[PDB]
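K.L.:
My structure file structure_28.txt, compact mmCIF, C-alpha atoms and all ligand atoms, is below:
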# COMPACT_ATOMS: atom_id res chain seq x y z
CA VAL A 1 0.00 0.00 0.00
CA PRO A 2 1.51 3.33 -1.10
CA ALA A 3 3.22 5.27 1.71
CA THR A 4 1.41 8.49 0.79
CA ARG A 5 -1.99 6.80 1.09
CA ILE A 6 -1.05 5.54 4.58
CA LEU A 7 -0.07 9.14 5.39
CA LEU A 8 -3.53 10.42 4.39
CA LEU A 9 -5.20 7.68 6.43
CA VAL A 10 -3.27 8.54 9.59
CA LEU A 11 -3.97 12.26 9.05
CA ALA A 12 -7.69 11.46 8.79
CA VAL A 13 -7.47 9.52 12.08
CA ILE A 14 -5.69 12.46 13.70
CA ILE A 15 -8.40 14.88 12.57
CA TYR A 16 -11.16 12.51 13.77
CA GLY A 17 -9.56 12.00 17.19
CA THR A 18 -8.67 15.64 17.75
CA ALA A 19 -12.06 17.11 16.78
CA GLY A 20 -13.91 14.39 18.68
CA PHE A 21 -12.02 14.90 21.93
CA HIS A 22 -12.29 18.68 21.60
CA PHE A 23 -16.06 18.69 21.09
CA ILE A 24 -17.03 15.77 23.34
CA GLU A 25 -14.64 16.32 26.26
CA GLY A 26 -14.14 20.07 25.88
CA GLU A 27 -10.35 20.21 25.94
CA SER A 28 -8.37 22.68 23.82
CA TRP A 29 -7.42 21.89 20.22
CA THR A 30 -3.76 21.48 21.24
CA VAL A 31 -4.49 19.17 24.18
CA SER A 32 -6.87 17.20 21.96
CA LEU A 33 -4.23 16.69 19.25
CA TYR A 34 -1.68 15.64 21.88
CA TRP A 35 -4.19 13.23 23.47
CA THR A 36 -4.95 11.75 20.05
CA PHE A 37 -1.24 10.96 19.37
CA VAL A 38 -0.77 9.63 22.89
CA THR A 39 -3.82 7.38 22.44
CA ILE A 40 -3.28 6.00 18.93
CA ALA A 41 0.42 5.35 19.71
CA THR A 42 -0.87 3.44 22.77
CA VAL A 43 1.32 5.56 25.10
CA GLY A 44 -1.78 6.52 27.17
CA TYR A 45 -0.25 8.73 29.89
CA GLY A 46 -3.69 9.36 31.40
CA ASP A 47 -3.02 13.06 32.01
CA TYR A 48 -6.06 13.42 29.73
CA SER A 49 -8.79 10.84 29.29
CA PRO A 50 -12.54 10.91 28.59
CA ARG A 51 -14.82 11.57 31.57
CA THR A 52 -18.18 11.13 29.80
CA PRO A 53 -19.94 7.97 28.51
CA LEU A 54 -19.94 9.43 24.97
CA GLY A 55 -16.23 10.23 25.31
CA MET A 56 -15.57 6.68 26.47
CA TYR A 57 -17.42 5.15 23.50
CA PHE A 58 -15.68 7.59 21.15
CA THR A 59 -12.28 6.67 22.61
CA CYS A 60 -12.97 2.96 21.98
CA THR A 61 -13.78 3.78 18.33
CA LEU A 62 -10.56 5.83 18.01
CA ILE A 63 -8.58 2.94 19.54
CA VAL A 64 -10.02 0.46 17.01
CA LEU A 65 -9.66 2.77 13.98
CA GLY A 66 -6.42 4.45 14.96
CA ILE A 67 -3.94 2.08 16.56
CA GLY A 68 -3.47 -0.12 13.47
CA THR A 69 -3.36 2.88 11.14
CA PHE A 70 -0.72 4.58 13.27
CA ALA A 71 1.32 1.37 13.54
CA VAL A 72 1.46 0.99 9.73
CA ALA A 73 2.33 4.69 9.33
CA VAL A 74 5.29 4.56 11.71
CA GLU A 75 6.74 1.44 10.08
CA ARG A 76 6.44 3.08 6.64
CA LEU A 77 8.21 6.18 7.98
CA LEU A 78 10.99 3.94 9.35
CA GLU A 79 11.76 2.78 5.79
CA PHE A 80 12.18 6.35 4.49
CA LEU A 81 14.34 7.42 7.44
CA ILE A 82 16.38 4.18 7.32
CA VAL B 1 -7.53 -17.62 10.16
CA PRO B 2 -10.93 -16.33 9.01
CA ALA B 3 -11.60 -12.68 9.88
CA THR B 4 -15.03 -13.48 11.32
CA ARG B 5 -13.55 -16.05 13.71
CA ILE B 6 -11.04 -13.43 14.94
CA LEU B 7 -14.03 -11.09 15.44
CA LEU B 8 -15.78 -13.65 17.67
CA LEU B 9 -12.59 -14.21 19.66
CA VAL B 10 -12.11 -10.50 20.36
CA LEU B 11 -15.80 -10.17 21.30
CA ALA B 12 -15.37 -13.03 23.77
CA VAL B 13 -12.35 -11.24 25.28
CA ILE B 14 -14.37 -8.04 25.55
CA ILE B 15 -17.19 -9.83 27.37
CA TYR B 16 -14.71 -11.57 29.71
CA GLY B 17 -12.89 -8.33 30.56
CA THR B 18 -16.01 -6.22 30.98
CA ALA B 19 -17.92 -8.64 33.21
CA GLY B 20 -14.81 -9.41 35.24
CA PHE B 21 -13.98 -5.78 35.97
CA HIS B 22 -17.62 -4.99 36.72
CA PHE B 23 -18.04 -7.82 39.25
CA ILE B 24 -14.55 -7.83 40.79
CA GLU B 25 -13.85 -4.09 40.94
CA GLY B 26 -17.44 -2.84 41.08
CA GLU B 27 -17.32 -0.27 38.30
CA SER B 28 -20.28 0.36 35.97
CA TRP B 29 -20.81 -1.74 32.84
CA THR B 30 -19.84 1.23 30.64
CA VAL B 31 -16.66 2.05 32.57
CA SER B 32 -15.79 -1.66 32.58
CA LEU B 33 -16.17 -1.94 28.78
CA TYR B 34 -14.07 1.20 28.30
CA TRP B 35 -11.39 -0.11 30.71
CA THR B 36 -11.33 -3.42 28.83
CA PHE B 37 -10.63 -1.70 25.46
CA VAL B 38 -8.07 0.60 27.04
CA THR B 39 -6.32 -2.41 28.60
CA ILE B 40 -6.31 -4.90 25.72
CA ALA B 41 -5.20 -2.14 23.29
CA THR B 42 -2.37 -1.49 25.79
CA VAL B 43 -3.35 2.22 26.04
CA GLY B 44 -3.66 1.90 29.87
CA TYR B 45 -4.63 5.47 30.86
CA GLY B 46 -4.85 4.44 34.53
CA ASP B 47 -8.02 6.46 35.15
CA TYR B 48 -9.37 3.02 36.08
CA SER B 49 -7.30 0.11 37.34
CA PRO B 50 -7.84 -2.80 39.73
CA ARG B 51 -7.49 -2.05 43.44
CA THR B 52 -7.94 -5.60 44.77
CA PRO B 53 -5.59 -8.64 44.66
CA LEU B 54 -8.25 -10.61 42.73
CA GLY B 55 -8.65 -7.69 40.31
CA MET B 56 -4.88 -7.58 39.82
CA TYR B 57 -4.67 -11.31 39.05
CA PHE B 58 -7.69 -11.01 36.75
CA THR B 59 -6.10 -8.07 34.93
CA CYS B 60 -2.93 -10.12 34.30
CA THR B 61 -5.09 -12.89 32.79
CA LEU B 62 -6.92 -10.36 30.57
CA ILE B 63 -3.56 -8.92 29.47
CA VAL B 64 -2.28 -12.38 28.46
CA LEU B 65 -5.52 -13.49 26.76
CA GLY B 66 -6.52 -10.17 25.27
CA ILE B 67 -3.58 -8.19 23.93
CA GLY B 68 -2.66 -10.69 21.20
CA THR B 69 -6.29 -11.27 20.26
CA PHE B 70 -6.93 -7.55 19.96
CA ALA B 71 -3.73 -7.03 17.94
CA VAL B 72 -4.78 -9.67 15.37
CA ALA B 73 -8.30 -8.22 15.21
CA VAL B 74 -7.13 -4.68 14.45
CA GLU B 75 -4.75 -5.83 11.71
CA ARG B 76 -7.56 -7.87 10.10
CA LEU B 77 -9.84 -4.81 10.24
CA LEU B 78 -7.09 -2.75 8.55
CA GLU B 79 -7.28 -5.06 5.50
CA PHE B 80 -11.04 -4.55 5.09
CA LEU B 81 -10.83 -0.77 5.53
CA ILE B 82 -7.75 -0.53 3.27
CA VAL C 1 12.12 -21.12 18.65
CA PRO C 2 10.30 -23.74 20.74
CA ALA C 3 7.19 -22.43 22.53
CA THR C 4 8.27 -23.95 25.85
CA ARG C 5 11.62 -22.14 25.72
CA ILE C 6 9.79 -18.83 25.13
CA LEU C 7 7.63 -19.72 28.16
CA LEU C 8 10.72 -20.13 30.37
CA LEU C 9 12.16 -16.85 29.10
CA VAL C 10 9.00 -14.89 29.93
CA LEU C 11 8.83 -16.57 33.36
CA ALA C 12 12.42 -15.49 34.01
CA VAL C 13 11.49 -11.90 33.05
CA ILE C 14 8.51 -12.04 35.38
CA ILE C 15 10.67 -13.21 38.28
CA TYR C 16 13.29 -10.52 37.54
CA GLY C 17 10.71 -7.72 37.35
CA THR C 18 8.72 -8.82 40.38
CA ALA C 19 11.68 -9.31 42.74
CA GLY C 20 13.32 -6.11 41.51
CA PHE C 21 10.27 -3.93 42.07
CA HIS C 22 9.61 -5.56 45.44
CA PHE C 23 13.13 -4.98 46.78
CA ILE C 24 13.92 -1.64 45.12
CA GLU C 25 10.54 0.10 45.44
CA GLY C 26 9.22 -1.77 48.48
CA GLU C 27 5.82 -2.80 47.16
CA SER C 28 4.21 -6.14 48.06
CA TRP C 29 4.97 -9.29 46.07
CA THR C 30 1.46 -9.23 44.56
CA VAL C 31 1.60 -5.56 43.54
CA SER C 32 5.09 -6.15 42.14
CA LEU C 33 3.93 -9.09 39.99
CA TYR C 34 0.97 -7.06 38.74
CA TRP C 35 3.22 -4.06 37.97
CA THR C 36 5.61 -6.35 36.08
CA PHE C 37 2.81 -7.66 33.79
CA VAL C 38 1.41 -4.17 33.32
CA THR C 39 4.88 -2.90 32.37
CA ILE C 40 6.13 -5.65 30.06
CA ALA C 41 2.74 -5.73 28.25
CA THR C 42 3.22 -1.95 27.83
CA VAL C 43 -0.18 -1.26 29.47
CA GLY C 44 1.50 1.07 32.04
CA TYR C 45 -1.50 2.23 34.10
CA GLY C 46 0.79 4.28 36.36
CA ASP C 47 -1.04 3.26 39.55
CA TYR C 48 2.42 1.93 40.45
CA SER C 49 5.70 3.24 39.10
CA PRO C 50 9.25 3.61 40.42
CA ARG C 51 9.95 6.63 42.64
CA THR C 52 13.71 6.13 43.09
CA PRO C 53 16.62 6.64 40.64
CA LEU C 54 17.58 2.95 41.03
CA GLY C 55 13.96 1.95 40.40
CA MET C 56 13.89 4.12 37.29
CA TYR C 57 17.08 2.56 35.89
CA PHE C 58 15.78 -0.90 36.78
CA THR C 59 12.48 -0.19 35.04
CA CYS C 60 14.33 0.82 31.85
CA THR C 61 16.22 -2.51 31.96
CA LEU C 62 12.95 -4.43 32.46
CA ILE C 63 11.40 -2.53 29.53
CA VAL C 64 14.32 -3.47 27.23
CA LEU C 65 14.53 -7.11 28.38
CA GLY C 66 10.84 -7.75 28.87
CA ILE C 67 8.68 -6.12 26.22
CA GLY C 68 10.05 -8.17 23.30
CA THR C 69 10.03 -11.39 25.33
CA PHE C 70 6.42 -10.84 26.37
CA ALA C 71 5.39 -9.97 22.81
CA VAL C 72 6.83 -13.24 21.45
CA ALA C 73 5.21 -15.21 24.29
CA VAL C 74 1.72 -13.85 23.64
CA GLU C 75 1.92 -14.53 19.90
CA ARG C 76 3.05 -18.12 20.60
CA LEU C 77 0.14 -18.56 23.02
CA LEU C 78 -2.24 -17.27 20.30
CA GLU C 79 -1.23 -20.21 18.08
CA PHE C 80 -2.08 -22.80 20.75
CA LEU C 81 -5.41 -21.17 21.62
CA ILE C 82 -6.28 -20.62 17.94
CA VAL D 1 19.65 -3.50 8.49
CA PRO D 2 22.75 -4.08 10.64
CA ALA D 3 22.01 -4.48 14.36
CA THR D 4 24.71 -1.98 15.33
CA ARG D 5 23.18 0.70 13.09
CA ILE D 6 19.78 0.14 14.77
CA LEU D 7 21.59 0.52 18.11
CA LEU D 8 22.97 3.93 17.09
CA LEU D 9 19.55 5.03 15.87
CA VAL D 10 17.85 4.15 19.16
CA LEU D 11 20.66 5.86 21.11
CA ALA D 12 20.11 9.01 19.03
CA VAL D 13 16.37 8.86 19.85
CA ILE D 14 17.18 8.46 23.53
CA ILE D 15 19.46 11.50 23.49
CA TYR D 16 16.85 13.55 21.59
CA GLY D 17 14.03 12.60 23.98
CA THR D 18 16.05 13.04 27.16
CA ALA D 19 17.55 16.44 26.31
CA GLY D 20 14.22 17.68 24.95
CA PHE D 21 12.23 16.76 28.04
CA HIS D 22 14.94 18.12 30.32
CA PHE D 23 15.11 21.53 28.62
CA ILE D 24 11.44 21.96 27.67
CA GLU D 25 9.75 20.50 30.76
CA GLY D 26 12.52 21.14 33.28
CA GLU D 27 12.79 17.68 34.80
CA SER D 28 16.13 16.19 35.90
CA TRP D 29 18.36 14.34 33.45
CA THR D 30 17.55 11.01 35.16
CA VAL D 31 13.78 11.56 35.15
CA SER D 32 14.01 12.71 31.53
CA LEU D 33 15.88 9.54 30.45
CA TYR D 34 13.35 7.38 32.32
CA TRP D 35 10.43 9.28 30.74
CA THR D 36 11.99 8.83 27.30
CA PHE D 37 12.20 5.00 27.70
CA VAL D 38 8.71 4.86 29.16
CA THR D 39 7.38 6.88 26.22
CA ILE D 40 9.15 5.25 23.27
CA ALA D 41 8.36 1.76 24.67
CA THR D 42 4.73 2.97 24.80
CA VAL D 43 4.49 2.09 28.53
CA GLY D 44 3.38 5.68 29.35
CA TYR D 45 2.88 5.50 33.13
CA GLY D 46 1.95 9.20 33.24
CA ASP D 47 3.96 9.86 36.41
CA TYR D 48 5.73 12.33 34.11
CA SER D 49 4.21 13.97 31.05
CA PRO D 50 4.56 17.32 29.29
CA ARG D 51 2.62 20.24 30.76
CA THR D 52 3.47 22.87 28.12
CA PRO D 53 2.26 23.25 24.49
CA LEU D 54 5.89 23.00 23.27
CA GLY D 55 6.38 19.87 25.40
CA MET D 56 3.21 18.38 23.93
CA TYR D 57 4.33 19.02 20.35
CA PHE D 58 7.79 17.69 21.18
CA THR D 59 6.29 14.55 22.72
CA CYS D 60 4.29 13.90 19.52
CA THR D 61 7.53 14.17 17.50
CA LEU D 62 9.31 11.75 19.89
CA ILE D 63 6.37 9.33 19.60
CA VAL D 64 6.57 9.37 15.78
CA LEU D 65 10.38 9.16 15.60
CA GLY D 66 10.94 6.87 18.56
CA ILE D 67 8.32 4.15 18.84
CA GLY D 68 9.24 2.40 15.57
CA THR D 69 12.96 2.76 16.21
CA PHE D 70 12.63 1.29 19.69
CA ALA D 71 10.44 -1.57 18.41
CA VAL D 72 13.06 -2.58 15.81
CA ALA D 73 15.84 -2.31 18.41
CA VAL D 74 14.14 -4.62 20.91
CA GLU D 75 13.40 -7.27 18.28
CA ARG D 76 17.05 -7.17 17.14
CA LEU D 77 18.19 -7.56 20.76
CA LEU D 78 15.85 -10.58 21.10
CA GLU D 79 17.81 -12.37 18.36
CA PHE D 80 21.15 -11.90 20.15
CA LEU D 81 19.77 -12.98 23.53
CA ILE D 82 17.85 -15.91 21.98
K K E 101 0.47 2.37 27.59
K K E 102 -0.95 5.65 32.24
K K E 103 4.17 -6.19 15.49
K K E 104 1.32 0.41 24.82
K K E 105 -0.23 4.00 29.89
Can the structure in the file be given as structure tokens, please?

P.N.:
Amino acid sequence: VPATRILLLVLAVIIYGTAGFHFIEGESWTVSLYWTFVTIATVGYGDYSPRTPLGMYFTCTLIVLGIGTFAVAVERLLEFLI
Amino acid sequence: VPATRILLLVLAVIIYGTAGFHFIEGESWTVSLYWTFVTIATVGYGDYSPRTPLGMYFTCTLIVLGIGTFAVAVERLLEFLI
Amino acid sequence: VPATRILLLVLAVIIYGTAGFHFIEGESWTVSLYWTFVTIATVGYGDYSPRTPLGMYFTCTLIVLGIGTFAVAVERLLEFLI
Amino acid sequence: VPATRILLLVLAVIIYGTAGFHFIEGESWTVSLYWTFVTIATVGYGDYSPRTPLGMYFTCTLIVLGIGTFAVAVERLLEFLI
């Protein structure tokens, strides 16, 4: 699968996660972007996390849609850097 | 291994984790489902975590049974979405 | 690599992590075992974490020695269960 | 890719993450090294995490540059130990 397509897919995940956290959980755009990376990378510091049932359901969807996409993106980036 | 079988396996893990956390640690069904996804995806925010020895042992079993199952499920989903 | 050998390797990691956390950080044997699984699986709730410089260095060694070993163990277990 | 080259790459990531956290977030060199391992391994305890917008952006860059590099390093180490 072309590297650039994987890039677009991970960008779409990032937009989805950031806007979702911002609107559902009410955190700033910057915090929401940071939380999205931390979540889809599976780092999960827990400095930010959803507090609402909708936010919890949303987070599960982001986990399912985002962790695999991010994993493929990082491995494709590895190839270009290495 | 057929994608639908992997789906059933991950659903079984989700049921096991959710019911276990709910009954052992006493959190709501929704929180317990959320905690199960967060745990088997290895995100591990730590907003919820077991506080009892039984809950700790149970969590180790969920980790062993669930992380691999979830990993295979997400990669199979990737194929269908990509 | 034989599945049983991978089993022994992950058990050795578990012993190393549990005894190390118990003696360096002073937590109970049960908490230390739980923390070891949570760490080598990369779940990392953060309900327990090292507070001392020695504990921090030790945790880095466990991360390096344990995450790969655990990953191989879970995938080998997948095969037997599936 | 030669194992020793992967070693140098992961060391470079470790230096980048440690110095960055130390200077941006103001934590000690030891805490910063520990946080770097915890982050690139995706353990993410959350005992330490960035509190500033710059630190958040920096952490996202470390996540992208470091998680894949660390993953390849651990698997290469597995081979030598096994
Ligand atoms: K984690
Ligand atoms: K955490
Ligand atoms: K993998
Ligand atoms: K993780
Ligand atoms: K975590």

K.L.:
Enter the distance from atom CA of residue C:37 to atom CA of residue D:71, in Å, rounded to one decimal.

P.N.:
18.2 Å

K.L.:
Output the neighbourhood of ligand K 104 (chain E) as a list in words, that is, all protein and nucleic acid residues with some atom at most 8 Å from the ligand, counting all atoms listed in the file.

P.N.:
residues 41, 42, 43 and 44 of chain A; 41, 42, 43 and 44 of chain B; 41, 42, 43 and 44 of chain C; 41, 42, 43 and 44 of chain D

K.L.:
Selected residues, C-alpha atoms, written as a CSV table (one decimal), in the coordinates of the input, please.

P.N.:
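Saved the output as selection_10.csv:
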chain,number,residue,atom,x,y,z
A,41,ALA,CA,0.4,5.4,19.7
A,42,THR,CA,-0.9,3.4,22.8
A,43,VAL,CA,1.3,5.6,25.1
A,44,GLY,CA,-1.8,6.5,27.2
B,41,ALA,CA,-5.2,-2.1,23.3
B,42,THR,CA,-2.4,-1.5,25.8
B,43,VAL,CA,-3.4,2.2,26.0
B,44,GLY,CA,-3.7,1.9,29.9
C,41,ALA,CA,2.7,-5.7,28.2
C,42,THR,CA,3.2,-2.0,27.8
C,43,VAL,CA,-0.2,-1.3,29.5
C,44,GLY,CA,1.5,1.1,32.0
D,41,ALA,CA,8.4,1.8,24.7
D,42,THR,CA,4.7,3.0,24.8
D,43,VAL,CA,4.5,2.1,28.5
D,44,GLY,CA,3.4,5.7,29.4

K.L.:
If you count all atoms listed in the file, which residues fall within 8 Å of stretch 56-66 of chain B, apart from same-chain ones fewer than 3 positions away, as a list in words?

P.N.:
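So, after excluding close chain neighbours, the residues are residues 10, 13, 16, 17, 20, 39, 40, 50, 51, 52, 53, 69 and 70 of chain B; 31, 34, 37, 38, 41 and 74 of chain C.
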
K.L.:
Go ahead and compute the interatomic distance for atom CA of residue C:47 and atom CA of residue B:22, in Å to one decimal.

P.N.:
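If I compute the distance from atom CA of residue C:47 to atom CA of residue B:22, I get 18.7 Å.
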
K.L.:
Compile the contact shell of residue A:82 as number ranges by chain: residues with an atom at most 12 Å away, counting all atoms listed in the file, same-chain residues fewer than 3 positions apart removed.

P.N.:
A: 74-79; D: 1-2, 5-6, 8-10, 65, 68-69, 72

K.L.:
I'd like to know which of D:27, D:46, D:67, D:80 is closest to chain B, using only C-alpha atoms.

P.N.:
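Nearest candidate to chain B out of D:27, D:46, D:67, D:80: D:46.
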
K.L.:
Box along x, y and z, 4 Å on every side, all listed atoms of stretch 50-57 of chain B inside: centre and edge lengths in Å to one decimal, as JSON.

P.N.:
{"center_x": -6.7, "center_y": -6.7, "center_z": 41.9, "size_x": 12.0, "size_y": 17.3, "size_z": 13.7}

K.L.:
In Å, how far is it from atom CA of residue B:14 to atom CA of residue B:36?

P.N.:
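Atom-to-atom, atom CA of residue B:14 to atom CA of residue B:36, that is 6.4 Å.
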
K.L.:
For a quick check of understanding, using only C-alpha atoms and all ligand atoms, which of B:45, B:7, B:32, B:24 has the smallest distance to ligand K 102 (chain E)?

P.N.:
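Closest to ligand K 102 (chain E), using only C-alpha atoms and all ligand atoms: B:45.
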